[PDB]
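Chemist: got the complex split up, this is the first portion:
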Amino acid sequence: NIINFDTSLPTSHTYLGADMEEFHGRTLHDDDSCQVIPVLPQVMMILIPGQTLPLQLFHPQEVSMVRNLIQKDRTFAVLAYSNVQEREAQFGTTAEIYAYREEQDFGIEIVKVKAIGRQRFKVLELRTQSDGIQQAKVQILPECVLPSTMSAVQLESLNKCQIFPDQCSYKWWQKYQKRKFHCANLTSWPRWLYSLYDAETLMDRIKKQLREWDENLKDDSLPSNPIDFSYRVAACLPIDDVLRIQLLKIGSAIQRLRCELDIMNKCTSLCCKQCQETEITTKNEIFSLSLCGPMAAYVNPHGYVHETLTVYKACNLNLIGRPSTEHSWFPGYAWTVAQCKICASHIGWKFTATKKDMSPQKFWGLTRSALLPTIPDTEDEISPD
């Protein structure tokens, strides 16, 4: 229950070795503009803007491509594959390299990279070049910003009341709703309806669920902008690729926040994807061992990326082999591979503390690719808004 670990360590990706050559600069292309961007060939990821993506590139063609990007814009395209086998992709996200390190260990040139999602895009065309490396003709998808739902109606005499400044939080939210949505009486709907489409109210409702996962402040950790908050929450929601792609396709932060709240309330169980009916854990065991939330992307020693969701308890898992601290994503913990007891598919790893004074003494790191969010009782699947 108590976290006697340094929450800032997994975000640093300290397992990638010595300090990388950090970049300060930031690049952004105009909305709706068309850009040709290189795609990394073995990256099988669906990246969210604001999400950190660590990589280890081994192939000389991949290493060359990154050396060129580091000198130029530092931006590559991360395709959201609808069909991974036939490499089909209609959407994706740009990724900007913010840290890198080249190593000629043993006698093999390998490059470790830390990138971040920046802009969503629509794939216009894909062509593999005579070198074997492919380029994507892309169109930068704009982020739909809507004004206050009350802006259209709003009485000009109440415009000066739209800025709002120990005491009872429920009484505060009651006053917030009465003042922000007073002009709802000029329309066909009540104040309480407009609250369901209000960024600050939706963000406060999400914060109430995020507080159940992390014992950390809104003040620092969480962003203020609905766009950034909605993407930060999307990055740490353990959902399957079909749902994540639909979530990514949403252009409005209001619809994204509403959609996330609905997933967070409906999907309370997490099953094995191959079994579909083997419960591994529930949302009540989810907890944040990293500042970015319960789930983040990490890279293994062979470049394989795993979005790892940390939980207190997991069931229906077999442990393969003995624990190892080799390349551990949670410094101070040893990992043991964990499979589903029914289908034997890899679900994640069990992390066990190296010192007695550490807390928690054990937890599980589950790979998102192996999980399936489930809604118990007598209902199948749906993502409203």
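Modeler: That came in fine, so what should we check first? Numbers count the residues shown, from 1 in each chain, chains lettered A, B, ... in the order given.
Chemist: Test my guess that residue A:363 contacts residue A:310.
Modeler: Yes: counting by Cβ atoms under 8 Å, residue A:363 does reach residue A:310; the two are 5.7 Å apart. For every residue, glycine as well, the C-beta is placed using N, CA and C.
Chemist: Overlap in contacts, those two.
Modeler: Both residue A:363 and residue A:310 are contacted by A:287, A:289, under the criterion Cβ atoms under 8 Å, 6 or more residues apart in numbering.
Chemist: which one of those two has more residues nearby?
Modeler: Ranked by neighbour count (other Cβ atoms under 10 Å), residue A:363 and residue A:310 place residue A:310 first, with 25 against 22.
Chemist: contacting residues for that one?
Modeler: Residue A:310 makes contact with A:286, A:287, A:288, A:289, A:290, A:294, A:295, A:330, A:363, A:364, A:365, A:366, according to Cβ under 8 Å, 6+ apart.
Chemist: how about 6 Å then?
Modeler: If you count contacts by Cβ atoms under 6 Å, 6 or more residues apart in numbering, residue A:310 has them with A:289, A:294, A:363, A:365.
Chemist: ok, now how distant is the residue nearest to it when sequence neighbours are not counted from residue A:309?
Modeler: Excluding its sequence neighbours, the residue lying closest to residue A:310 (Cβ to Cβ, 6 or more residues apart in numbering) is residue A:289, at 4.3 Å. According to Cβ to Cβ, to the nearest Å, residue A:289 stands 10 Å off from residue A:309.
Chemist: Append chain B to the structure above:
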Amino acid sequence: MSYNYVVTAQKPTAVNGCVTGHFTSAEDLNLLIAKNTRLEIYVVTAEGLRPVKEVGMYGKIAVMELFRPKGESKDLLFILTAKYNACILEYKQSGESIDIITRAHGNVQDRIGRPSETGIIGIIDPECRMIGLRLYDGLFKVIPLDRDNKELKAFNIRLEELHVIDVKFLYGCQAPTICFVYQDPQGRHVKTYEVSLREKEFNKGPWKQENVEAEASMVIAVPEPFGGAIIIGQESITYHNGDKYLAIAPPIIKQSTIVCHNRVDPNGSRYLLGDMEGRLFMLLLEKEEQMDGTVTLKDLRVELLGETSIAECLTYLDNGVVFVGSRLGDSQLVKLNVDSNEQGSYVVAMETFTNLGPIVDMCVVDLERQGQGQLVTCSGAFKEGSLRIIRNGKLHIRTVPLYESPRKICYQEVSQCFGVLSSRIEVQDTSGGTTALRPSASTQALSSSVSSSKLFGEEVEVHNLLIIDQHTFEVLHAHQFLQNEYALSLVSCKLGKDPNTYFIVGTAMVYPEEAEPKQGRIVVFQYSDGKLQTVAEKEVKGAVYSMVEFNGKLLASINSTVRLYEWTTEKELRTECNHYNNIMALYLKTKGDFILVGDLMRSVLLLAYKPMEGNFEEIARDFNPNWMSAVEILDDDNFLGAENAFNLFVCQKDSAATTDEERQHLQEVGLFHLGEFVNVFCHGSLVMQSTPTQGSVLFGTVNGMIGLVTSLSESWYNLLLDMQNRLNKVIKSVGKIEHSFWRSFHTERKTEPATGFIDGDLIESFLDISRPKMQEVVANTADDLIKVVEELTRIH
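Modeler: One more chain to add, chain B, which I have set with the ones above:
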């Protein structure tokens, strides 16, 4: 691909602004009133108000201020529209000809800018050296007032205070000085800045910020000889002139927030203040007279004068007469009666001016005979609530005051009455329970009833179903709903094989802790033999946002579900089928076996009932994020909606398209900037019943404007579209605003030209133009065009 025609039946009646000055003549006192896209000019006579001129603008009036620059014989008028069209107008009359000539004009929009939260602010310097505008946060636009600035060129000054609440130019300053209330993490403060026209920047203001009231919202610049500024909040009215500071926290103002003001005395000794509940106060700054220092200000006072309509803007005219501009109720001319008890109040009404806004719902009814239809609206809100019966004579309007908010309305021909959902505010008692604020329709019914349960000073909303006689408009019955029950939808119809006509209400249980409603009811009532009874009651797991009679059945929307009920022989609702949607089913409209489901974010969905399977099937959808206020089915293939930044749009289905992706996609075929906010779409007409127009959809808006939409043929549309471009070359726009620019579909992120819509108001203005101008328009045949336009005027 759609060919639609939109025309105004009733101009907006809600008042968003009013100013006094000497605009028509240096000797005349004028009252200028802004009613959205309309400007009314009055001469304030000893009698009352003498109408002088009324003009229309190709914009929504956002700023309206009079000013007399150096030399000018009389005042000029600055106007800024919601699409940022700025202009300086002059009244000029030469014999018979009245012309509001445009002295200067230009668009002041910036390519880059976050439109401010506190909206547009437009202030003019007391010496008329410049116009200050706060359109975007972090910038203050300055239009220098020179005779050689006929294009209205402006520069911005960077403003580090990003959250400005209100700003005014101060009096008595050597340099033009702005005084403003702003908010930052630390709280609310009042700052000042000098405005250098030479350096095009701000310089250190004459006095300090201080941590003023947390709810300080209004700045009032006090004229000479006192100077300084008054800052009004929720609890306090404070004065600031740097070193001089005076504060008061009158308990009389604590009941409601003060939201408008007006100077009575030119010296700034007396001010009128209005609150959100119609109270009118007098603020007096007591000028004390010492021996040397004869200009002292000993104290501030507030006196409750009386009650007026809920005021959007006040203006003192003369001889105690005050014009009350109202958005929620009728506007008034009140006489501030000189020191008079009159059982408490000092304010006496002189005139009342009709305001249909906001029109939150309406219905058409044949009523007398049948031929000519009558429109019955749910107008006003709170004590200003009423029903308005609009018929063609000009439009003749009958008013029925309810003293509470009418919300929904439907007519029941069989019982010769209307069903009206209403709500009233009751305050919680310290003693226990709730007390009404005034007698209203729901507390003054002939007969009354309350629902049976199947489950401090805080304001509580009590919901009711009123039965109102169609002839007398008397409240025959009032049924009160359960505690925390919110009445959302109302229908009058016959269901199944039942010959009886019922009033069906759809509700939601609203609790502060719950964000999304998990309970609601569909209650079936019968009003028969002069009494209301509850026939049946169905509890549902959500809010019943909308309901429609669907081929002898009841189609109701519970949250994201759309459910079809059948009325059994046991007089009970039986769930036939459900349809679980990707969106919240707020809007529901039906034509035959087709259903139109929509949400507040313009997610449009089309469903069809499959009778041979007994279930629903999705036909098509279109999700473009934008706020949507109303929807309607024009015909089998076209859907009309009202979306953000006062636009109309039309979506079309194409059941013939080659692929199944195309035929389950709705094409946006019409876009138009209406300039009004539509709340209700309603099929019907106000004219008596082989026509160039097909169909008739009336609509009610927030500003009390009533419009009409009808469909045309491709030939009729192509002709009238060319006619518009020809009429624009000959017609004179106030402020020199482009018609094409005004009607262009507008959101802040995008502006597209209007498509699939004919501005009937522009087409009809052909009949008002002179014979030489008429011949200029028809130069490709003039009297044949007069027949076409006269035929188009007959639809309203």
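Chemist: once more on the contacts of residue A:310, with chain B this time?
Modeler: Contacts for residue A:310 were tallied using Cβ atoms under 6 Å, 6 or more residues apart in numbering or on different chains; they are A:289, A:294, A:363, A:365.
Chemist: change it to 10 Å
Modeler: By Cβ atoms under 10 Å, 6 or more residues apart in numbering or on different chains, the contact set of residue A:310 is A:10, A:213, A:285-290, A:293-296, A:329-330, A:348, A:351, A:360, A:363-366.
Chemist: mind listing which of those residues are in strands?
Modeler: Using DSSP state E, the members of the contacts of residue A:310 that fall within strands are A:295, A:296, A:348, A:351, A:363, A:364, A:365, A:366.
Chemist: thought the fifth one was touching residue A:313?
Modeler: Yes: contact between residue A:363 and residue A:313 holds when scored by Cβ atoms under 10 Å: they sit 8.5 Å apart.
Chemist: any shared contact partners between the two?
Modeler: Common neighbours of residue A:363 and residue A:313 (Cβ under 10 Å, 6+ apart) are residue A:285.
Chemist: Tell me how many other residues crowd the closest residue to chain A within the stretch 351-500 of chain B.
Modeler: Going by Cβ to the nearest Cβ, chain A is nearest to residue B:358 of the stretch 351-500 of chain B, at 4.2 Å. For residue B:358, the tally of surrounding residues (other Cβ atoms under 10 Å in any protein chain shown) stands at 29.
Chemist: next one is chain C, place it on the structure:
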Amino acid sequence: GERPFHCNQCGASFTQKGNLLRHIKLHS
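Modeler: With chain C added, the chains above now look like this:
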């Protein structure tokens, strides 16, 4: 201490090669 056959994706360590090859074929 045996287990000289590791899965480069999850890190599963196997004592025989036929055991690792069955495990790697279960991954995507």
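Chemist: In light of the added chain C, please revisit the contacts of residue A:310.
Modeler: Shown in contact with residue A:310 (Cβ under 10 Å, 6+ apart): A:10, A:213, A:285-290, A:293-296, A:329-330, A:348, A:351, A:360, A:363-366.
Chemist: I'd like the distance between the residue most central in space within chain B and residue B:313.
Modeler: Centroid-nearest residue in chain B, with Cα atoms, centre = their mean: residue B:702, separated by 3.2 Å. Separation of residue B:702 from residue B:313 (Cβ to Cβ): 16 Å.
Chemist: Pretty sure residue B:362 sits against residue B:707.
Modeler: No: contact criterion Cβ under 10 Å: residue B:362 and residue B:707 do not qualify, at 11.9 Å.
Chemist: Residue B:583 falls within a strand, correct?
Modeler: No: read with DSSP: H, G, I helix; E, B strand; the rest coil, residue B:583 is coil and lies in no strand.
Chemist: That one against residue A:197, yeah?
Modeler: No: using Cβ under 10 Å, residue B:583 makes no contact with residue A:197, being 11.6 Å away.
Chemist: shared neighbours of those two, which are they?
Modeler: Joint contacts of residue B:583 and residue A:197 (Cβ under 10 Å, 6+ apart) are A:255, A:258, A:385, B:599, B:600, B:601.
Chemist: quick one: is the helix or strand harbouring residue B:143 near chain A?
Modeler: Assigned by DSSP states H and E, residue B:143 belongs to strand B:139-144. No: residues of strand B:139-144 are not located near chain A by Cβ under 10 Å from any Cβ of the partner chain, the shortest gap being 16.8 Å.
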